[PDB]
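Report on the structure given below.
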Amino acid sequence: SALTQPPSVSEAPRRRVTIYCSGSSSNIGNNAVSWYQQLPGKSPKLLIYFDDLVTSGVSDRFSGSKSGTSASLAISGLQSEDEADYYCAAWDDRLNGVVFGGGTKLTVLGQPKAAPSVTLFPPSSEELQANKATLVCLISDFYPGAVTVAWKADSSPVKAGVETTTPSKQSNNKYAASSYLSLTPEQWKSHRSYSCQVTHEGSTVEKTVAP
Amino acid sequence: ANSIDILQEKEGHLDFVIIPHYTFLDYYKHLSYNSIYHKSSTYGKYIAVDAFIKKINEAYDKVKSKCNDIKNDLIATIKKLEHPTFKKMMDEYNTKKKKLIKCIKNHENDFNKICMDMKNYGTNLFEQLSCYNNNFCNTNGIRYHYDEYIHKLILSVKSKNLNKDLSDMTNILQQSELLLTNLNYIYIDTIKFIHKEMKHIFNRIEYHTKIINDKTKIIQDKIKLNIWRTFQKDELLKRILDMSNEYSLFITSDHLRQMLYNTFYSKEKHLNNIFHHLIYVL
Amino acid sequence: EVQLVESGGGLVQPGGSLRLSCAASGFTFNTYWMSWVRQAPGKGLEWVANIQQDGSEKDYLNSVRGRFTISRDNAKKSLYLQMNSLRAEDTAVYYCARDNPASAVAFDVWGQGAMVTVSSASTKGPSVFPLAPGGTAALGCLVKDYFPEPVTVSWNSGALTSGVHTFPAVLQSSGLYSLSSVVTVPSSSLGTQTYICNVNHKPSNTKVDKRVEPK
């Protein structure tokens with residue numbers, strides 16, 4: 002991308018963060034730089050424009066600056082609520098179009114560890130009545146955004162039919178993920194207990210279901 | 158090209174003003190300031206308002222700078238014409311002046327874009343104006359904005375004798391003309412040109428002086444009717460828009476008048492110098 | 001107050017055509033430049049097009065010139081993007097935006113976004129199945151094997167509207183999607199409200215309302 006941003010930046014709360022936007026004389030050097038915040042699952046919003054103007058309604062902790070071919074966004078008195086993706090943009094005279102930066106993910110440090118909330122569902126009345134069967138393991142509110150998922154069938158490891166999502170940022174700064182195990186309705190009836198095992202920060206939360 | 162004024166306030170310098178844009182930009186500055194001074198809690202917004210207007214002005218000037226190459230070509234032609299073949303030199307002056315005006319008109323869209331931004335920002339501020347009760351909105355914004363932004367300009371104008379400045383210019387034009395006629404050449408054709416230039420500038424000064432005088436009286440009478448009183452919201456917005464119209468019309472002619480006055484006297488030095496050269500050196 | 005609402009998204013075949021619309025409200029649409037910005041899933045923002053107040057000036061991203069046309073209708077307060085000769089790289093959420101200040105090229109107002117998918121694969125409606133249940143037992147619906155995204159599931163025709171968890175869908179090794187939406191029922195012990203899941207897959211014109219727990 003014509004504008005270069007750090008992929009990630011991080012800082013503890015109450016402190017000041019900087020996010021650079023490196024461009025060229027055809028874009029940043031000659032044009033007005035805009036800055037945007039995009040919260041997880043939300044549309045972007047404008048923070049800064051005309052290089053250093055703060056859009057009305059935006060907190061005064063957000064500031065902008067530009068000099069030469071590089072621009073920068075500052076966030077002071079950091080809050081975990083500021084965790085989002087930040088983009089810079091500006092017109093480019095050589096391309097006759099807007100060039101966007103690649104974005105920067107902001108990570109606020111010192112967030113307390115949070116254990117996953119796990120819920121395991123067995124195959125439904127329908128689906129079973131419709132010659133199908135799937136196990137749903139819903140995982141939510143784990144702060145360290147990493148989890149390992151294991152599936153068991155009467156304590157025996159399940160190595161086939163498992164599809165797990167990548168963790169996803171919630172509005173509350175924690176993470177969510179889901180794991181699915183597909184089986185034939187004969188397979189669900191042939192076992193006594195099915196287990197979804199979610200490992201997070203060396204600790205394992207377990208949930209079990211029975212036909 | 159009918160609403161474009163050209164200024165040459167100092168030797169070797171030239172600028173231009175698209176009169177309706179200056180008025181347009183100025184109008185939305187008064188509207189913005191009136192919108193933030195209506196409530197005491199929005200006073201502090203002035204920093205943001207000043208900073209936005211400054212950005213708009215730089216954006217407008219950057220569009221103007223696109224015609225700098227054509228502009229400096231005209232400037233160097235004026236230097237040659239005013240520092241003594300005349301038909302060829304004057305024909306190159308008219309064509310270069312024509313390129314300047316075509317360059318300005320070829321950026322109207324860029325100019326209008328920046329003007330629409332100022333209008334939208336001012337209107338957005340205007341739309342947020344609120345009252346304790348719409349049957350008796352306060353007029354503190356009108357009073358404060360006038361006292362702090364306008365009154366100094368009205369007093370600066372009243373402290374001048376604009377009509378006497380015109381008589382002084384007319385007398386300079388008449389006496390210099392009578393000089394040419396009782397004379398006795405490259406020095407003559409030159410003096411006739413700068414005199415014709417100073418005459419057009421004078422008519423422009425006279426145009427703006429009349430405006431300033433009318434608006435000076437209009438403003439002072441209208442402001443009295445719009446402060447230390449309340450109005451229904453519809454009427455308040457109407458009076459704010461009316462004041463901002465009067466203010467911008469006053470400020471445009473006042474601004475142009477001063478720049479034209481400087482241009483006139485910058486040219487007079489060339490006139491006077493070429494006269495002193497035709498007499499004491501030749 | 002100020003609002004921009006997109007419509008016209010869906011699944012298109014490569015080389016096909018699709019038209020996006022944007023209804024504006026709460027401001028004088030005729031006095032602003034308007035824009036389109038897109039974001040491919042999990043990717044960054046990429047500008048698409050700008051259009052002047054009266055439509056006399058239009059600017060486009062290099063890669064969409066000749067194929068896309070931005071247009072407006074100020075009487076209807078509507079913005080348009082006629083997308084022709086669609087390519088797989090055009091797959092993204094398309095945001096309608098207001099460009100103000102236009103001299104700053106700033107997108108100061110954004111819509112909710114319209115999903116556009118350019119694929120040779122065909123639309124598949126989902127098999128929506130209900131999910132059976140600290141004193142707050144939870145449950146929801148299972149939206150199985152659909153294509154493409156998105157799928158919307160509300161609990162408005164139900165309740166607990168604010169306190170739901172709709173999980174992001176999984177992309178299976180079949181190319182199909184599956185998601186689940188659960189709500190942490192606050193009164194859960196043999197006591198509940200008339201909660202219903204409102205799943206509707208628009209590209210497949212599926213509108214299944216599943217009242218998983220009438221109680």
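Protein chains in written order, with the authors' numbering: chain C, 2 to 212; chain A, 158 to 241, 299 to 398, 404 to 501; chain B, 1 to 133, 140 to 221.
Note that the Cβ used here is the ideal one computed from N, Cα and C, for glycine as well.
Extent of the continuous beta strand (DSSP E) to which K153(C) belongs:
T149 to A154
Per DSSP, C96(B) is paired with what?
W36(B)
Could you check the C-alpha separation between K378(A) and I161(A) for me, to the nearest Å?
26 Å
Show which residues of chain A have a CB atom less than 7 Å away from the CB atom of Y32(B).
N334
Looking only at its own chain, which residues have a Cβ that is under 6 Å from the Cβ of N348(A), when we skip the five neighbours before and after it?
Non-local C-beta neighbours of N348(A) in its own chain, meaning closer than 6 Å and more than five positions away in sequence, comprise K452, ordered along the chain.
Residues near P177(A) in its chain [Cβ-Cβ closer than 8 Å; skip 5 each side]:
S160
Can you give me, in chain order, the residues of the region 301-335 of chain A that have a beta carbon less than 7 Å from any beta carbon in chain C?
The residues in question: there are none.
Quick check on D331(A): buried or exposed, where buried means 16 or more other Cβ atoms within 10 Å of its Cβ?
Buried: at least 16 other Cβ atoms inside 10 Å.
May I ask you to report which of helix, strand or coil DSSP gives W92(C)?
strand
Please list the terminal residues of the continuous beta strand (DSSP E) segment that includes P177(A).
Run containing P177(A): none in the beta strand (DSSP E); it sits in the alpha helix (DSSP H), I176 to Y194.
Compare the C-alpha of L110(C) against each of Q6(C), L4(C), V10(C) and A3(C) and name the closest.
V10(C)
Using 9 Å as the limit for Cβ to Cβ distance, is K372(A) near chain B?
So, not an interface residue.
Can the beta-carbon of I49(C) be found less than 9 Å from the beta-carbon of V34(C)?
yes
Which of helix, strand or coil DSSP assigns to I438(A):
helix
How long is the line joining the alpha carbons of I459(A) and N491(A), rounded to whole angstroms?
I459(A) and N491(A): Cα-Cα distance of roughly 48 Å.
Starting from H474(A), trace the alpha helix (DSSP H) in both directions and tell me its first and last residue.
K452 to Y499
Give the secondary structure of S204(C) by DSSP, where H, G and I count as helix, E and B as strand, and everything else as coil.
strand
Cut-off 8 Å between Cβ atoms - residues of its own chain near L456(A), not counting five sequence neighbours on either side:
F340 and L343
Got a sec: is the Cβ-Cβ distance from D94(C) to anything in chain D below 9 Å?
Here the protein chains are C, A and B, and chain D is not one of them.
Other residues of its chain near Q439(A): CB distance less than 7 Å, five sequence neighbours each side excluded:
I368
First and last residue of the beta strand (DSSP E) that includes residue 1(C)?
Not covered by the structure: residue 1(C). The range shown for chain C is 2 to 212.
What are the partner residues of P130(B), as DSSP defines its beta bridges?
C147(B)
For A161(C), count neighbouring C-beta atoms within 10 Å of its own C-beta (all shown protein chains included) and say buried if the count is 16 or more, exposed if not.
By the 10 Å Cβ count, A161(C) comes out exposed.
Can you tell which of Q165(A), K333(A) and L171(A) has the C-alpha that lies nearest to the C-alpha of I213(A)?
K333(A)
I'd like to know if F469(A) contacts chain C, where contact means its C-beta is closer than 9 Å to some C-beta of that chain.
no
Rounded to whole angstroms, what's the CA-CA distance from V37(B) to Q53(B)? Just pull it up for me.
For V37(B) and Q53(B), the distance between alpha carbons rounds to 18 Å.
For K212(A), which residues in chain C fall below 7 Å Cβ to Cβ?
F51 and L54
Would you check if the region 119-131 of chain B and the region 100-111 of chain B touch, i.e. whether three or more CB-CB distances between them fall below 8 Å?
no
Taking all protein chains shown into account, decide if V500(A) is buried (16 or more other Cβ within 10 angstroms of its Cβ) or exposed.
exposed
Beta-carbon contacts of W110(B) that lie in its chain and below 6 Å, excluding the five residues immediately before and after:
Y95 and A97
Counting pairs of beta carbons, one from the region 160-169 of chain B and one from the region 142-162 of chain C, are three or more of them closer than 8 Å?
no
Report buried or exposed for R16(C), applying the criterion of at least 16 other Cβ atoms within 10 angstroms of its Cβ.
Per the 10 Å Cβ criterion, exposed.
At a Cβ cut of 9 Å, what residues of the region 183-206 of chain A count as close to chain B, listed as they run along the chain?
none
Kindly identify the DSSP beta-bridge partner or partners of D382(A).
DSSP lists no partner for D382(A).
Looking only at DSSP bridge pairs, what is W447(A) linked to?
Its beta-bridge partners do not exist; DSSP assigns none.
Since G98(C) meets chain B, which of its residues come closer than 8 Å, beta carbon to beta carbon?
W47, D59, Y60, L61 and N62
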